[PDB]
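Asks: I'd like to ask you about the structure that follows.
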Amino acid sequence: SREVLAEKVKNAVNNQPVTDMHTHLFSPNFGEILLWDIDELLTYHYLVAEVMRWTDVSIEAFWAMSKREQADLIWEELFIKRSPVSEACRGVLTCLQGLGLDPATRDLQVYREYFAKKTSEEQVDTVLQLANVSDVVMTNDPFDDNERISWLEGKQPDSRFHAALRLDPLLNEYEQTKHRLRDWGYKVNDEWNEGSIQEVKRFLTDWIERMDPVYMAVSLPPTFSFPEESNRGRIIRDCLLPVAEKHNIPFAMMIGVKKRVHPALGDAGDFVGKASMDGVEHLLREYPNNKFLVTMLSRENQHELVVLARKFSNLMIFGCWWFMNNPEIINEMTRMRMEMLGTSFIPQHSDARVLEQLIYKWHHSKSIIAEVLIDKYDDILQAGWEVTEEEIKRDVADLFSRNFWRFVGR
Amino acid sequence: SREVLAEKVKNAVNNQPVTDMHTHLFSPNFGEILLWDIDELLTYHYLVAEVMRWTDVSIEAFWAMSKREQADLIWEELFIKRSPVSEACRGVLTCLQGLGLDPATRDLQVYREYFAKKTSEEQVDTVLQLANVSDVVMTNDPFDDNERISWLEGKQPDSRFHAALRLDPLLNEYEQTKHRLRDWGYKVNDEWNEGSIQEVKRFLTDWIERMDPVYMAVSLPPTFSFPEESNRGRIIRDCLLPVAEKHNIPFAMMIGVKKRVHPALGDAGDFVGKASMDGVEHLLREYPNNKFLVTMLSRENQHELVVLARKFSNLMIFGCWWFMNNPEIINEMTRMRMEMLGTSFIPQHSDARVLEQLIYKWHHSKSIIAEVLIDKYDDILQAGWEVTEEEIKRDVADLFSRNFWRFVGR
Amino acid sequence: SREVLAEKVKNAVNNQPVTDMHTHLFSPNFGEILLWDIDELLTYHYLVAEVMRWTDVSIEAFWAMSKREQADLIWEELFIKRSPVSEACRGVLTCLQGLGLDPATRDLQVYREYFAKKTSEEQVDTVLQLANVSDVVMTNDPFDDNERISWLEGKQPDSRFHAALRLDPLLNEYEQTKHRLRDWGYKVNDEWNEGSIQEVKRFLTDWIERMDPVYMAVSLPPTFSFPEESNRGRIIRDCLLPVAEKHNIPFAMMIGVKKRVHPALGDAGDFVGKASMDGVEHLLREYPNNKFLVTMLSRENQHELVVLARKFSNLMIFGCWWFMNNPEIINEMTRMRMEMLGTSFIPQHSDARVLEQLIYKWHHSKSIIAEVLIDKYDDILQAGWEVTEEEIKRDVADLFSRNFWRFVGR
Amino acid sequence: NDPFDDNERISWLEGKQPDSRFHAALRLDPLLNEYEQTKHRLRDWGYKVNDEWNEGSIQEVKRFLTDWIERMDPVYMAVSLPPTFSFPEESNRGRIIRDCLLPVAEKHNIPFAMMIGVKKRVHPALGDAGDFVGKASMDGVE
Ligand SMILES: O=C(O)[C@@H](O)C(O)[C@H](O)C(=O)O
Ligand SMILES: O=C(O)[C@@H](O)C(O)[C@H](O)C(=O)O
Ligand SMILES: O=C(O)[C@@H](O)C(O)[C@H](O)C(=O)O
Ligand SMILES: [Cl-]
Ligand SMILES: [Zn+2]
Ligand SMILES: [Zn+2]
Ligand SMILES: [Zn+2]
Ligand SMILES: [Zn+2]
């Protein structure tokens, strides 16, 4: 029956240890960059954008408040003055309950008590256990002063944390970044010649050696195109692709983000745009020895992206990114994906910026993926097919963990 | 439980008095422009387009028939020859049943009897009571000869009816409209100079003074862009925006309509197109002291529009407009909206052209919005949150009425 | 009640004989072009694309394998190593069960036994009976050497099979095709003059005379536009349209296919793109005496296509084509269509390349269409409308068969 | 000297050497501007170019150029181009120039002559007198 299947699917999904292949979390020993707290959860930029639609407090005043005050404002405006029904607000409550706290009391002061008596290491153990996350993939930007520090000091991340070499500044801001490269000893010239090419490669190789990243990544605008006689186009073609092939490291492209449409909002000021599939199509076909992990921001790019994955095996689609990370969208995306790709895709990643988010991000997404799995297994069951519990666990393992590790070559 | 919640949500939704912030209805005392009748309901242009896909009667012959004959044809073709399953046909039946008539008999002659013995004022009282609509926002075009009359005669609308200054002819047909402005005493010159600017402002100010509109509005094509060195671009930049800021009146933009692709169909001859978000993005960011009410016609513009609202608080999204006003779409739009905006948006408007439509428009939309509210409240309930009935009524009040009045400054 | 209605709708839908207005099947007497077998089902290009996302076997090696080996590989990779949850894999199982075979045993060798002891004619009788398909519309390309043979030999197709004149080579590859036309006696000149025009018309007329097609068809790219001073634009304008009007034959346009993005994949190497609606809009309005059957490949073209059908009665929308032929999409498309068009559209076609697919294609689509019909009938039932079983059968007959025959003029 | 012209191929294939006052120039219009049609002739001549632009197609096109350079000993390779000429470009012309012509020309130190601006056959019936002209962008040459 469907209910017998349902229980097996839900059990398999809930018990399957998750490999979160894209987050903004950091190994505890890396320091304060690792954000956690009910205060951090409430000041997540997703909620900053949401509170600004309600509060009379200016954005300037908001940025001038302490994190405690910002959190108090957001709690009052989005949870008390109006029901916390949005996905992000729902997420906060899910994290609280998961930690054993009681959302029924709406006692923020009591919730804060829970966090103030623990250490980073302890909360990490707690959260990964609760979220059943075995591996976390970080976003490591060698262009950030704070992050560069731990890496240069020789600090190695926790074994549960993996590095990913983020290259946004290099690919999207070369004109400014080239100068920093020079200061660091990478002799790139004013013009794109053999010298500049080799030094950029040396730069990538040095960080690959230092981080041992599972992949190199970059977020791109709606106008992204390739090939292109631009700094980005040339760097990707002459340096990134060749280096990635040599070390058999996949290239992750997060396409569709239009940066800073509302500067004053900070991290909450980015917009979205539909991109052309031409560049991705070209990269996949012309670089068969390169591997590509892709996720797009526009709802209107989702279906064609699935179709492109049917064309090229060197393409691995992943997650329901940012503005796509909402139940209604996650549901439609996951169903279209399983329908045209079976289980050859990575349904989700958390993109967690605050440690505790791993709880709600995976909880909310797992229940949806579980329902989709139940429908699909049931359809073949009605066709006379018999699926074993072991086959279910196998499929679930591919979706939440094995597809990623298998694609990156680990 | 979910069923206890369901009843509370449905009750709150059904009892919440509605402020319909965009319709094509008129205060009864305004005259015959106020359309009502089972005949008017059946000759709604939405059904004209639908009947032309079935009937062998030429469009010319149709326009030559009396309204009674047109209604008879549409009833026969869309209700008798085929089941009235489309949204618009379903709407007609909902209006009948709501009025106490019986769709089971399919007796159009009997239905007509009900309307012929009442007055405009009486039917208005009846419908607003049935639809539980407390306030109706009109669309008042000072460029229409018939409408200009009541306003110039000094006629004030019923207290339940509010004015909205529609400016399509001014913004999209200035080359022709400028001449009428001159005939009315507004000395606009051949070239866009201080004189033309001031006289256009004087024109807007005079009508704002006469109508006391809750907002100024315009429908725009898929190709809409801003800024732009065109009559529209210049009028918006040099006159509309400044005047709207001074009187703190919001600017409503209904984007995506491609006018007259099938001229012979009349009001049923408009098409749709996806628009670029650039112009809206620019307006929101560069005019922070101006308020904007926006609704778009293309299904492919919906998600990005929600994201843009997360960026700018001077943007208030509203309704599921025209071709978007169908269950399947209303559902997906409302869910995406609540998920990314919580309750900071106006889910719907009727766009009613015929008085009785208020019944089905709100009935059909309320049941969908109610189901979405139930899902979202249930999700936070499962997270341990407890929502009171008063909080539900508060949220419902914001969605169906308070968000609008609060945004316009009333 | 809804369950009483449900049974009537499901019964009507299941019993309604289907006219499949677009397939890639052939009358049995046409020869081996008629594909059938569990081996053919498994080597369907939809599954080739899917297996290439999993298998380590090179595409070259795959094309070098025998059909038996290809089928074995696909069965092992997509059904045994991972659960066959994708739509195409689900389809294979549905066909097996429908034929009386047992998917529970996963015994491919036993399944093969069933097919090896029957004749084409026998399997055709079997499948059409099982799929309850009364009429099959073929895709007949006079430019294919193999197909041209039966037609030139004077072979007439089975009475259950209808011809459709496919013109892709003529319209999209005229520069190469013109030479073949000359070799066949059609004196087209180097330049587009009266001579070339008349000879192209003569060519179309000759094949219309030989095939007696229900319609002429062509698949078009995302960049399709009209009018256009190109071979395609000129051929459509000066030859196709005039000839189609004269014989009152509709023109079918399948828009949105980007051919060969992955050449090595063969038939599995096509991609998709969103098209502009301008060309279709122009054709519908400027050629009122011509009939057009249209289906588009991009998910983002679906809603506007429905709106365009509301504008022009000479437009008949049909099916959920190729990448659109997935439950999640079929559901949303069918609901948007019924909501804005009632029953004036053709919900589906199979596009079957392998005989047995008629079973799963129609089985999977019928259950979805049935659920949509049940919702819509229920909505008007709740409005007080009473629908008779005969009206249901009538509506179902229009959707699955009469709308097509009525539109083509048969 | 157009190796794609039947009449012209003869003398070269027969081993005929031109008068000492006459020098050869390898004209490549058919190769660069009509590859889709020309590729088939290359195949018939033994140059195994594939359907897709890969190492194989590249090497065989180079072999073709090298063979004729060897046979003609041209002072330069030449081509006439349309007003819309651009470079780089993901087209047959753009790829052939980038992956074959330029490399081969550098190796043998042979210059590349480009005669830009001709819009072919605007008046077909006039034959050789049917070509028109158009202003080109300097971007590709630059
Ligand atoms: O929080 C987010 O998802 C964004 O602000 C970014 O971190 C984005 O996911 C990125 O990786 O660029
Ligand atoms: O009936 C309609 O919705 C349209 O014909 C128009 O009234 C549109 O809503 C508009 O306001 O321009
Ligand atoms: O199998 C398919 O649907 C495609 O490969 C084509 O046959 C397409 O449907 C077409 O008719 O061009
Ligand atoms: Cl789109
Ligand atoms: Zn991220
Ligand atoms: Zn309106
Ligand atoms: Zn949906
Ligand atoms: Zn087909």
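Note on naming: chains are A, B, ... as they come in the structure tokens, residues start from 1 per chain, ligands start from 1 in the order shown.
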Can you work out which residues from chain C touch chain B at a cut-off of 6 Å (counting only C-alpha atoms) and hand them back as JSON, numbers by chain?
Replies: {"C": [310, 313, 338, 339, 340, 342, 376, 380, 383, 384, 385, 386]}
Asks: Quick one: which residues from chain D are at most 10 Å off chain A, using only C-alpha atoms, as a PyMOL selection string?
Replies: chain D and resi 53-54+88-90
Asks: Could the residues in this selection be saved with N, CA, C and O atoms as a JSON list (two decimals), in the first residue's frame?
Replies:
```
[["chain", "number", "residue", "atom", "x", "y", "z"],
["D", 53, "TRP", "N", 33.62, 20.12, -35.08],
["D", 53, "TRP", "CA", 34.95, 20.71, -35.07],
["D", 53, "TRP", "C", 35.78, 20.18, -33.91],
["D", 53, "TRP", "O", 35.74, 20.72, -32.81],
["D", 54, "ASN", "N", 36.53, 19.11, -34.17],
["D", 54, "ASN", "CA", 37.38, 18.51, -33.16],
["D", 54, "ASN", "C", 38.82, 18.42, -33.68],
["D", 54, "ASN", "O", 39.10, 18.84, -34.80],
["D", 88, "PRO", "N", 37.12, 37.33, -32.86],
["D", 88, "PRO", "CA", 36.81, 35.90, -32.97],
["D", 88, "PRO", "C", 35.32, 35.61, -33.18],
["D", 88, "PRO", "O", 34.47, 36.49, -33.00],
["D", 89, "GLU", "N", 35.01, 34.38, -33.58],
["D", 89, "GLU", "CA", 33.63, 34.01, -33.84],
["D", 89, "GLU", "C", 33.46, 32.50, -33.82],
["D", 89, "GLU", "O", 34.23, 31.78, -34.46],
["D", 90, "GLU", "N", 32.46, 32.01, -33.09],
["D", 90, "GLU", "CA", 32.20, 30.58, -33.02],
["D", 90, "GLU", "C", 31.39, 30.18, -34.25],
["D", 90, "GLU", "O", 30.19, 29.89, -34.17]]
```
Asks: Could you write out, as a PyMOL selection string, all the residues of region 88-282 of chain A that DSSP marks as alpha helix (DSSP H)?
Replies: chain A and resi 88-98+108-116+120-131+145-152+168-172+174-183+194-211+231-235+241-246+278-282
Asks: Which residues sit within 10 Å of ligand 5, counting only C-alpha atoms and all ligand atoms, listed as a list in words?
Replies: residues 22, 23, 24, 25, 138, 139, 218, 219, 254, 321, 322, 349, 350, 351, 352 and 353 of chain A
Asks: Please save C-alpha atoms of the selected residues as an mmCIF file, in the first residue's frame.
Replies:
```cif
data_model
loop_
_atom_site.group_PDB
_atom_site.id
_atom_site.type_symbol
_atom_site.label_atom_id
_atom_site.label_comp_id
_atom_site.auth_asym_id
_atom_site.auth_seq_id
_atom_site.Cartn_x
_atom_site.Cartn_y
_atom_site.Cartn_z
ATOM 1 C CA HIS A 22 27.139 24.169 -0.402
ATOM 2 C CA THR A 23 26.971 26.276 2.752
ATOM 3 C CA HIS A 24 28.464 29.398 4.270
ATOM 4 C CA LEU A 25 29.452 27.658 7.496
ATOM 5 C CA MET A 138 32.255 25.451 3.070
ATOM 6 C CA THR A 139 32.564 28.478 0.789
ATOM 7 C CA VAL A 218 31.557 31.303 -8.687
ATOM 8 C CA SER A 219 28.197 33.116 -8.681
ATOM 9 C CA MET A 254 25.614 29.613 -9.482
ATOM 10 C CA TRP A 321 19.030 28.087 -4.615
ATOM 11 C CA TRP A 322 18.174 31.180 -2.582
ATOM 12 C CA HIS A 349 21.880 22.162 -0.342
ATOM 13 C CA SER A 350 21.239 24.470 2.638
ATOM 14 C CA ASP A 351 23.352 27.528 1.836
ATOM 15 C CA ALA A 352 23.369 27.912 5.622
ATOM 16 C CA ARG A 353 24.956 31.131 6.907
#
```
Asks: Got a sec: who's within 10 Å of residue 151 (chain A), counting only C-alpha atoms, leaving out chain neighbours fewer than 2 positions off, as a PyMOL selection string?
Replies: chain A and resi 30+140+142+146-149+153-157+207+210-211
Asks: Which residues are close to residue 15 (chain A), i.e. within 10 Å by only C-alpha atoms, leaving aside same-chain residues fewer than 6 positions away? Reply as a list in words.
Replies: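 In the requested format, the answer is residues 9, 131, 132, 393, 396 and 397 of chain A.
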Asks: Quick one: distance from CA of residue 121 (chain D) to CA of residue 171 (chain C) in Å, one decimal?
Replies: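 Going from CA of residue 121 (chain D) over to CA of residue 171 (chain C), I get 22.3 Å.
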Asks: Within region 227-256 of chain B, find each residue whose DSSP state, derived from the backbone, is strand (DSSP E or B), and express the selection as a PyMOL selection string.
Replies: chain B and resi 251-255
Asks: Which residues, written as JSON, numbers by chain, have at least one atom at most 7 Å from residue 346 (chain A), with only C-alpha atoms counted and residues fewer than 5 positions away on the same chain left out?
Replies: {"A": [317, 318, 319, 399, 400, 403, 404]}
Asks: Which is closest to ligand 2 among B:333, B:35, B:99, B:220, if we use only C-alpha atoms and all ligand atoms?
Replies: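 Using only C-alpha atoms and all ligand atoms, ligand 2 sits closest to B:220.
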Asks: With a distance cut-off of 7 Å and only C-alpha atoms, select the neighbouring residues of residue 84 (chain D), excluding the residue or stretch itself and same-chain residues fewer than 2 positions from it, and output the selection as a list in words.
Replies: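 These residues fall inside the cut-off: residues 82, 86 and 136 of chain D.
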Asks: Would you save the residues of that selection, restricted to N, CA, C and O atoms, as a PDB file, in the first residue's frame?
Replies:
```pdb
ATOM      1  N   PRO D  82      32.818  39.350 -46.185  1.00  0.00           N
ATOM      2  CA  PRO D  82      31.650  40.232 -46.202  1.00  0.00           C
ATOM      3  C   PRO D  82      31.766  41.403 -45.225  1.00  0.00           C
ATOM      4  O   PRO D  82      32.643  41.422 -44.361  1.00  0.00           O
ATOM      5  N   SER D  86      33.570  39.287 -38.677  1.00  0.00           N
ATOM      6  CA  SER D  86      33.951  39.538 -37.300  1.00  0.00           C
ATOM      7  C   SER D  86      34.852  38.425 -36.785  1.00  0.00           C
ATOM      8  O   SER D  86      34.842  37.310 -37.301  1.00  0.00           O
ATOM      9  N   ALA D 136      32.550  47.733 -43.154  1.00  0.00           N
ATOM     10  CA  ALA D 136      32.752  46.712 -42.148  1.00  0.00           C
ATOM     11  C   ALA D 136      33.200  47.331 -40.831  1.00  0.00           C
ATOM     12  O   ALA D 136      33.601  48.503 -40.775  1.00  0.00           O
TER      13      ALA D 136
END
```
